[PDB]
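First comes one chain, alone, set out as structure tokens in the form deposited in one PDB entry.
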């Protein structure tokens, strides 16, 4: 080791004093053939690790290398110079030298080269810089590297694409402006194309990471969806790579709220229902979330999910989930969506009961459940109540007194001269709406009136919010068909507000009001 140390020390001196300063002068020559030949020598020297320090520790040399690469018209020269900079980019010292020498803007310019060797040296060197040189990200952006990188996504070398996409991820993360530039360059379509074209796992992985970063952008999101992003990411949900599956899921979830109008979602929906049964908590959480958004106001999606056994799968997810609200809220929201406004809605309402889900569903209304989950669960119970067969079991699970409790608390909390992201006014409408439907049953009506709810329901007739006025009038309409209830409602002084509601632009409100009035007069 002492021999090599001595020999290297001597050679380093010869380089720093003779070779390097000489080659720098030749790179600056007017004769391009001299520059070319000199560039070759510099490149050959860069291949030997021990010779690199002599090269990088000379700002004049580095600057000459960069300037030559960026200005040359000789392919071989561009190749040698880029290759040299790459050889010097393996450590902090070299990276800093390339950076200070203005290598970034030159390396970015090389991204416009038609020669693979140059592009490969350029992208890997920029990647090294992007990974370790502070200030590299801003310089690459300023030099317009994003635009050049996106334009290169049409290339076919999968290893090259993997590095190129990763540079985009590094440059785009947490930088809204970089995401818009990528969008403006047509990044979404180009990224989606890769996902449905290549099988190279490392590329799919790096590409899925860029899509995830862009999926939280309100501009890129719809672009990704329109480009077929959902279907494309769905293609890899069963791929052996867990990191890929999870990145595809996170991305799909972020995009999900803007994909409710997409067609060709059959395969995706079917796979998500299957994933609901995964042992992986992060997978189940994303599957539930994506399904909730995809079933939202899309009867076709609701129909497909039910047809692949989505009701049974979601109930099972809720049953084994316990207190994990990250899973229960979206799963319950999905069940809520599936139990209303579609051809199989009625069948889904019964299926929840037939799959032994009623007890756990009513249980979620109680502590430690938080407002988001409670609101969703009240919505689901409201839909389940549409099914006569669910009238008795729901009452037997104590749903009525719990709904009344939530209603009282939510309403009193609205008194004044957002709780856990939920407005108490939403809970008031929701619980009263659920009670209105459950009140279609005679035994339930008795339970409801026995909880002394009439004074509250009458008070709700005065609410500024007409949606609340509607459900209050409605539940009173159901209860009023009972003599004692009708008289009690009258005693509460409900005649005045109900008469006023007769003029309501809302037909439902007007009809319910009249119904209650007729019942009282009789």
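Residue numbers count along the first chain shown, from 1. Here the rigid core means the biggest group of C-alpha atoms that line up within 1.5 Å when the two forms are laid on top of each other.
Compared with other entries of the same protein, residue 15 falls in the group left without coordinates by at least a third of them, where both flanks are modelled. Per the compared records, residue 418 is unresolved in at least a third of the other entries whose models span it. The modelled chain breaks between residue 417 and residue 418, where 4 to 9 residues of the deposited sequence lack coordinates.
The mean C-alpha temperature factor is higher for 76 to 84 when 441 to 449 and 76 to 84 are set side by side.
Stretch comparison (118 to 126 versus 250 to 258) by mean CA B-factor in the PDB entry places 118 to 126 on top.
If you compare the C-alpha temperature factors of 458, 471, 479, 496 in the entry, 496 comes out highest. Among all modelled residues in its chain, residue 95 ranks in the highest third by Cα B-factor. In the PDB entry, residue 322 places in the middle third of its chain by CA B-factor. In the PDB entry, residue 71 places in the highest third of its chain by CA B-factor.
Ranked within its chain, residue 328 lands in the lowest third, by CA B factor from the PDB record. Among all modelled residues in its chain, residue 102 ranks in the highest third by Cα B-factor.
One more form of this protein, deposited in another entry, exists but is not displayed; see below.
Once you line up the core between the shown form and the other one, the CA of 409 is the only one from 155, 196, 409, 159 that shifts by 2 Å or more. Relative to the superposed core, residue 309 shifts its CA atom by less than 2 Å between the shown form and the other one. Positional change of residue 450 between the shown form and the other one reaches 2 Å or more at the C-alpha, relative to the superposed core. Residue 431 is among the residues whose C-alpha shifts by 2 Å or more between the shown form and the other one once the rigid core is aligned.
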